[PDB]
Amino acid sequence: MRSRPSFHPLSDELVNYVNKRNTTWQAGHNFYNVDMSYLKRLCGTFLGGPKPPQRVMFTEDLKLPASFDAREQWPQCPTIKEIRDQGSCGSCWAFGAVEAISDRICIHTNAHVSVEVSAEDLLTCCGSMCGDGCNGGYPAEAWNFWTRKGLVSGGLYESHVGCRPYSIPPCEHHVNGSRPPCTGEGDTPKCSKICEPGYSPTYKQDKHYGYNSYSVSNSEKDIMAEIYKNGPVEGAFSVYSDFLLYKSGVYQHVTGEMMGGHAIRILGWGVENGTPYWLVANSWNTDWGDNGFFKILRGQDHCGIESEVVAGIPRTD
């Protein structure tokens, strides 16, 4: 870490070049203080990892809306609106999964059950199967663990919600009053199979399993139909430096180096000022981009957004 002198990562020069570019989005400084280390620990998804066995498709001329938003479609599912924070840990491969899973539980058991699945449980109990914890992982294997061992409930940091709420404090940037500084130093907590005190049922009793898991076929229409009847899904794309600068509009890479891979939740689509896009939920807290969400160019496999999408259906009784 660079103690306390010259803070802030990206130059106003990058922010200004993107803005001078006059593209479909506007740049702004999302990060101050943060060490360059932290910014890389944020992109914790390995692209081109293992794929799920299956791959679904749709072969009927479905009539899908011009725009769509799972939050509107499913107003009764509180988790669909929620934005989570991964802290100084590359657990996004796990976040995109538990988030989409929380949504699907509520959707597929249509209304009666709404729970926040533990990203913690996943981050800590999958193991080498999923990759290397806070240093990165693979989305496909996260869903895998859901099918095999399932996941328990667990909300936000210090929320007292669920069996295992996240134990990694929010580093929603910093600046202000020396809040937990965003650092890249952060181990992966251990797989503890015990619910937080003052919470029934028990850990193996509070488990939620998924059926199988699959890939959506790298087709705009296919990815759209899937979300339409099954709910949000997990995806991953290549994060370039300028992306960390997002404020609003439809993001289109214009400059910067590839920071790495990053998994996210895709919950809808639309068109804005003529540019087709995906409505995406990031996991860098709600004081980033457009309240935790952002839009990215759709229909051109931009930065790999359409390349690694996966999901699965939930257990139920």
Side-chain angles (χ1 to χ4, degrees), residues 44-46 49-56 70 77 79-80 82 84 86 89-110 112-134 136-156 161-166 188-193 195 201-216 226-227 229-236 263-267 281 283 308-317:
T45 296
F46 298 119
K51 309 149 242 207
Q54 302 151 136
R55 191 156 178 297
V56 317
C77 290
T79 64
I80 309 189
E82 171 164 31
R84 296 210 210 179
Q86 65 194 71
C89 166
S91 49
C92 52
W93 53 275
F95 275 87
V98 305
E99 284 158 7
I101 291 178
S102 297
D103 300 4
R104 300 195 161 203
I105 288 177
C106 175
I107 286 157
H108 296 270
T109 58
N110 249 145
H112 60 112
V113 148
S114 165
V115 316
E116 246 123 297
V117 175
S118 183
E120 177 89 1
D121 202 24
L122 182 53
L123 171 53
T124 65
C125 298
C126 176
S128 304
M129 197 95 291
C130 287
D132 194 21
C134 283
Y138 318 96
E141 291 292 337
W143 290 78
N144 239 278
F145 186 87
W146 180 49
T147 288
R148 313 191 296 109
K149 277 116 135 308
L151 295 160
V152 303
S153 69
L156 260 34
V161 169
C163 177
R164 307 182 64 204
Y166 207 52
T188 308
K190 311 312 236 235
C191 174
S192 294
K193 270 92 99 162
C195 287
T202 162
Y203 181 90
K204 280 255 164 217
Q205 238 300 313
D206 204 70
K207 214 111 222 226
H208 290 75
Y209 300 88
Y211 258 106
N212 201 340
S213 83
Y214 47 84
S215 305
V216 196
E226 170 64 26
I227 301 171
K229 47 188 167 130
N230 299 128
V233 302
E234 174 153 37
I264 37 70
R265 173 162 70 93
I266 306 178
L267 56 142
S283 58
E308 282 153 63
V309 176
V310 321
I313 272 68
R315 47 122 238 306
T316 225
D317 298 272

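Excluded from the calculations below are hydrogen atoms, water molecules and symmetry mates; all remaining heavy atoms, backbone and side chain alike, are included. Numbering of residues begins at 1 and proceeds along the displayed sequence.
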Tell me the closest heavy-atom pair linking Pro165 and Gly162, and the distance in Å.
CD-O, 4.1 Å
Between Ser192 and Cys125, what is the shortest heavy-atom contact and its length?
N-SG, 4.3 Å
Just one of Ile101, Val117, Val98 clears the side-chain contact (heavy atoms from CB on, under 4.5 Å) bar with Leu122, so which one?
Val98
Take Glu234 and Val309 through the side chain to side chain contact (heavy atoms under 4.5 Å, CB included) test and state the conclusion after the steps.
CA-CA 6 Å; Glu234 174 153 37; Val309 176; over 6 Å; no
Contacts of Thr188 meeting side chain to side chain contact (heavy atoms under 4.5 Å, CB included) (sequence neighbours excluded), chain-then-number -> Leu123, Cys134
According to ring pair (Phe, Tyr, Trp, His ring centres under 6.0 Å), who are the partners of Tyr214, at least two apart in sequence or on a separate chain?
none
Side-chain donor-acceptor pair under 3.5 Å between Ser118 and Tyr166, yes or no?
no
With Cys77, which residues qualify under side chain to side chain contact (heavy atoms under 4.5 Å, CB included), at least two apart?
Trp74, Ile80, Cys106, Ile107
Does anything in residues 308-317 form a side-chain hydrogen bond (donor to acceptor under 3.5 Å, both in side chains)? List the pairs, not counting sequence neighbours.
none
Which heavy-atom pair separates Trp143 from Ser213 by the least distance, and what is that distance?
CB-CB, 3.9 Å
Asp121: what forms a salt bridge (charged side-chain N to carboxylate O under 4.0 Å, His left out) with it, not counting sequence neighbours?
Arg164, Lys207
Please enumerate all residues that pass side chain to side chain donor-acceptor pair (under 3.5 Å) together with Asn230, with sequence neighbours excluded.
none
Compare all side-chain heavy atoms of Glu120 with those of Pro189 and state whether any distance is below 4.5 angstrom.
yes
Minimal heavy-atom distance between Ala142 and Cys130, with the atoms involved, is N-SG, 3.7 Å
Side chain to side chain contact (heavy atoms under 4.5 Å, CB included) partners of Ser283, counting only residues at least two apart
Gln86, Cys92, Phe95, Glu99, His262
Would you please test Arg265 and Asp103 for side chain to side chain contact (heavy atoms under 4.5 Å, CB included) and show each step?
CA-CA 10 Å; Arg265 173 162 70 93; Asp103 300 4; 2.8 Å; yes
Which atom names give the shortest non-hydrogen contact between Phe46 and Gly136, and what distance separates them?
CE1-C, 3.3 Å
With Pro53 via side chain to side chain contact (heavy atoms under 4.5 Å, CB included) - residues at least two apart:
none
With rounding to the nearest 0.5 angstrom, report the OG1 to CD distance, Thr147 to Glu141.
10.5 Å
Residues that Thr45 engages under side chain to side chain donor-acceptor pair (under 3.5 Å), provided they are two or more places apart:
none
My understanding is that only residues two or more places apart in sequence, or in another chain, count here; which of them pass salt bridge (charged side-chain N to carboxylate O under 4.0 Å, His left out) with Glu82?
none
Can you establish whether the number of heavy atoms outside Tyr211 located under 6.0 Å from its atom OH is more than 12?
no
Mark yes or no for whether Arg55, through its side chain, and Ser215, through its backbone, hold a donor-acceptor pair below 3.5 Å.
no
So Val233 and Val310, side chain to side chain contact (heavy atoms under 4.5 Å, CB included) or not? Walk me through it.
CA-CA 6 Å; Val233 302; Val310 321; over 6 Å; no
How about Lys190 and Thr124: do any of their side-chain heavy atoms sit closer than 4.5 Å?
no
Apply side chain to side chain donor-acceptor pair (under 3.5 Å) to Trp146 and list each qualifying residue two or more places apart in sequence or on a separate chain.
none
If the condition is salt bridge (charged side-chain N to carboxylate O under 4.0 Å, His left out), which residues does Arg84 pass it with, not counting sequence neighbours?
none
Atom CE in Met129, atom CZ in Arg148: separation rounded to 0.5 Å?
7.0 Å
For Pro232 and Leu267, work out which heavy atoms get closest and say how close.
CG-CB, 3.9 Å
Any chance you could lay out the side chain to side chain contact (heavy atoms under 4.5 Å, CB included) test for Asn212 and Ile313, step after step, and finish with the verdict?
CA-CA 7 Å; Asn212 201 340; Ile313 272 68; over 6 Å; no
Is there a donor-acceptor contact under 3.5 Å from the side chain of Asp206 to the main chain of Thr202?
no
